[PDB]
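Down below is the structure, laid out as structure tokens.
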Amino acid sequence: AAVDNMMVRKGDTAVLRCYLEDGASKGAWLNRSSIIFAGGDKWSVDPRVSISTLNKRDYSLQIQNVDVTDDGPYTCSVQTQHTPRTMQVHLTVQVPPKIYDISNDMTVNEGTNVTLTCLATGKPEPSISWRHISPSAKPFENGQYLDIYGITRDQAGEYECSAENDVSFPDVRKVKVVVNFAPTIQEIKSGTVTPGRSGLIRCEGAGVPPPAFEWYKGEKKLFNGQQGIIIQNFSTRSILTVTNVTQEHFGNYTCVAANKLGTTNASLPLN
Amino acid sequence: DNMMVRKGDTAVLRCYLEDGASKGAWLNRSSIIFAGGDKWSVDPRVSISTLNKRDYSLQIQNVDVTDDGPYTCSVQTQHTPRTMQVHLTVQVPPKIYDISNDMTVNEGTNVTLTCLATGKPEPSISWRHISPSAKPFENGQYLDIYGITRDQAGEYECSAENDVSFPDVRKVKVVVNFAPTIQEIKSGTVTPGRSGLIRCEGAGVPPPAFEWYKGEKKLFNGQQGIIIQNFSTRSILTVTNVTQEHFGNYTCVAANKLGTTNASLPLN
Ligand SMILES: *[C@@H]1O[C@H](CO)[C@@H](O[C@@H]2O[C@H](CO)[C@@H](O[C@@H]3O[C@H](CO)[C@@H](O)[C@H](O)[C@@H]3O)[C@H](O)[C@H]2NC(C)=O)[C@H](O)[C@H]1NC(C)=O
Ligand SMILES: *[C@@H]1O[C@H](CO)[C@@H](O[C@@H]2O[C@H](CO)[C@@H](O[C@@H]3O[C@H](CO)[C@@H](O)[C@H](O)[C@@H]3O)[C@H](O)[C@H]2NC(C)=O)[C@H](O)[C@H]1NC(C)=O
Ligand SMILES: *[C@@H]1O[C@H](CO[C@@H]2O[C@@H](C)[C@@H](O)[C@@H](O)[C@@H]2O)[C@@H](O)[C@H](O)[C@H]1NC(C)=O
Ligand SMILES: *[C@@H]1O[C@H](CO)[C@@H](O)[C@H](O)[C@H]1NC(C)=O
Ligand SMILES: [Ca+2]
Ligand SMILES: [Ca+2]
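Quick mapping for you: the protein sequence lines, in order, are chains A and B. Under the UniProt record's numbering, the first residue of the first sequence is numbered 43, with each subsequent residue one higher. Under the UniProt record's numbering, the first residue of the second sequence is numbered 46, with each subsequent residue one higher.
See the structure below:
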């Protein structure tokens, strides 16, 4: 009368141990109450099941390509002069986790309500954790679903779903969320200007899609290479250069950043 | 004695008289400007600034580089006249008068940016690449860039300073073209009864044009329920319903004027 446990991943080869009682002593394996082997004779038809015999008294049960259906107690009854000896083995077949459905990469507008979904299998059933890959760690409470109400431009990026069950390495998939928003002028600063020399105005801006920059002065649009000015537009900024800053140039300049979702303005005088 | 007065300012060359009936006289190198209250110069900029009676200072308005040189004030006295020679030095803030215009070049070409400026003293010209990852460049009118890479594009700043007033600063936009590169291609969950997606992120200047091929067969935006969304930096293939007929190796292609490139990915 003995008991033992054994845990094996799905697919592995299990070897349930059993020892015979010297010569003229045979063994027999049971599956709950179904006979698998008795001595050298096989009762099971499962080709995965065999007897692994290394020593003359080794009567271990060898199950190949184990599956979750094999879970349960296996009993080895050993013949003897007196009451047979019973060695019982509880087989538990575990399955690594695997995500089988996750929200696909998306593009949404700022302020909308988003819900990410992640579903995974595994034995034991896995715990599903969400995580936002950003300098702000912000570990999110567990759950298959991550609700994001009023999504901000700062909440964009890759989101990581992690399904763990302590069996093996957890499965990890990602989702790319792009948040579109109307442009925002973060800064507008002009440089010093010697009278006869040139003047510069930076206009830093953000926006998804990237914003198109325009420059104005009193409702009149300024153009590159016309009237003695130079507008150089970059991905995140635009620079207005006034060649010769005479007294007839002072005034309020206005930078404009617009995309598909909206616009924005910012004014500044020329020093 | 020396004095520095940048162009346009009003210069006041100081010369104080001795007590009693002592008159002064100002010279320009060796040309007489004033003698007492009488003016020899015709320059209307030149006058005598007098606070108290002993003040015989010379007031030059709107100074120019032509006024550079020594000025001498001779004041009569009981013995040899007393002199107060002052060397006037007129300085000029720097001014860029020619700078390379915004340009577009291919990757690997040899580029030379130019920036020329005047100023008194002659200004030092500094080139600077406005980029998070960049190394400053030696001063000089010319910035040589051999084998320009896509990472060397962006905003270049010429700054000409001579410590007089504020420095002049102009900029140049350099665009570097290069053949497109597919940085990533990723598919989501493959499951009948759900939507399938394949994103294809790519870079390229000019921006690349995206094409999709299913097992060497081109795909169209409305061919058997599929949807192709082409953006500036990525293309997304959306299979409405993932039937068994859509399984296979999908191929994203990104091409521009300078070249092309592809990247494949299977579904299950
Ligand atoms: C130990 O005993 C258990 C329980 O009797 C055996 O599990 C039985 O295992 C087989 C094969 O793993 C299962 O069969 C299958 O049926 C499903 C449909 O239900 C089919 O999709 C599969 O292809 C396969 O034909 C069977 O359901 C399962 N019985 C129970 C009650 O769960 C196990 O095989 C035994 N181990 C041995 C003999 O080594
Ligand atoms: C002090 O003396 C010097 C010379 O001893 C004077 O420089 C002279 O300055 C005048 C104007 O200030 C110059 O004349 C101009 O010439 C330009 C062309 O160069 C012309 O476009 C103008 O219309 C004007 O005619 C003159 O050339 C220059 N001579 C020299 C030798 O430098 C200076 O003006 C005197 N400053 C005083 C008295 O405050
Ligand atoms: C680009 O320049 C190559 C040589 O650059 C040379 O190396 C630099 C560092 C300087 O020392 C310069 O004086 C040298 O001449 C040429 O071999 C190459 O042909 C040039 N490319 C083109 C398109 O002309
Ligand atoms: C998002 O959720 C808020 C409450 O958190 C609700 O007021 C709003 O109507 C929701 N928006 C959508 C589009 O469901
Ligand atoms: Ca030129
Ligand atoms: Ca050179």
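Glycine included, each C-beta is placed from N, C-alpha and C at the ideal position.
Within the region 148-175 of chain B, not one residue has a Cβ closer than 7 Å to any Cβ of chain A.
Take residue 143/B, set aside five residues on each side of it, and the residues of its chain with a beta-carbon closer than 6 Å to its own are 161, in chain order.
The beta-carbon of residue 218/A is placed less than 8 Å from the nearest beta-carbon of chain B.
For residue 50/B, the shortest separation between its Cβ and any heavy atom of ligand 2 does not lie below 7 Å.
Here residue 139/A really is in contact with residue 207/A; their C-beta atoms are around 5 Å apart, less than 8 Å. For residue 281/A, the uninterrupted beta strand (DSSP E) segment begins and ends at 279-284. For residue 200/B, a Cβ of chain A is located within less than 8 Å of the residue's own Cβ.
Taken atom to atom, the span from the alpha-carbon of residue 180/B to that of residue 197/B is near 10 Å. Summarising the contact set, residues whose Cβ lies nearer than 7 Å to any heavy atom of ligand 1 are, in chain order, 73/A, 74/A, 76/A, 78/A, 86/A, 88/A, 90/A, 91/A, 105/A, 109/A, 111/A, 112/A, 114/A.
Around the CB of residue 299/A, 16 or more other CB atoms lie within 10 Å, so the residue is classed as buried. The beta carbon of residue 72/A is closer than 6 Å to those of 117 in its chain, skipping five residues each way along the sequence. Under the Cβ distance rule, residue 195/A does not count among the residues neighbouring chain B, no pair being separated by less than 8 Å.
When rounded, the separation of the alpha-carbon atoms in residue 209/B and residue 46/B is 20 Å. Within the region 269-286 of chain A, 274, 276, 281, 283 place their CB atoms closer than 7 Å to a CB of chain B, listed in sequence order. Not one heavy atom of ligand 5 falls within 7 Å of the beta-carbon of residue 266/A. The contact set of residue 233/B on chain A, defined by CB atoms closer than 7 Å, consists of 144, 146, 147 in chain order. Three or more Cβ pairs drawn from the region 288-299 of chain B and the region 234-247 of chain B lie within less than 8 Å of each other, which places the two stretches in contact. Just so you know, the alpha carbons of residue 307/A and residue 269/A end up roughly 23 Å apart.
Listed along the chain, the chain A residues whose CB falls inside 9 Å of the CB of residue 236/B are 142, 143.
Burial check for residue 261/A: the Cβ neighbour count within 10 Å stays below 16, so the residue is exposed. For residue 242/A, a Cβ of chain B is located within less than 8 Å of the residue's own Cβ. Here residue 223/A is buried: its Cβ has 16 or more other Cβ atoms, across all protein chains shown, within 10 Å.
At a C-beta separation below 7 Å, residue 210/B has these neighbours in chain A: 236. When 152/B, 164/B, 171/B, 167/B are compared, the shortest CA-CA separation from residue 158/B is found for 171/B. Boundaries of the beta strand (DSSP E) around residue 134/B: 131-134. A distance below 6 Å between beta-carbons, with the five flanking residues on each side excluded, links residue 129/A to the following residues of its chain, in chain order: 44, 60, 118. DSSP, read as helix, strand or coil, puts residue 261/A in coil.
In terms of Cα proximity to residue 109/A, the closest of 164/A, 123/A, 273/A is 164/A. At a C-beta separation below 7 Å, residue 138/B has these neighbours in chain A: 236, 239. Within 9 Å of the CB of residue 90/B, no CB atom of chain A is found; the nearest one sits about 19 Å away. When the five nearest sequence neighbours on each side are left out, the beta carbons in the same chain lying within less than 7 Å of the beta carbon of residue 168/B are those of 139, 162, 205, 206, 207, in order along the chain. When DSSP reads this structure, residue 147/A sits in no beta bridge, so it has no partner. Rounded to whole angstroms, residue 151/B and residue 267/A show a C-alpha spacing of 24 Å.
In the structure shown, the three-state DSSP call for residue 111/B is helix.
Interface flag for residue 213/B against chain A is set, since a Cβ pair is found closer than 8 Å.
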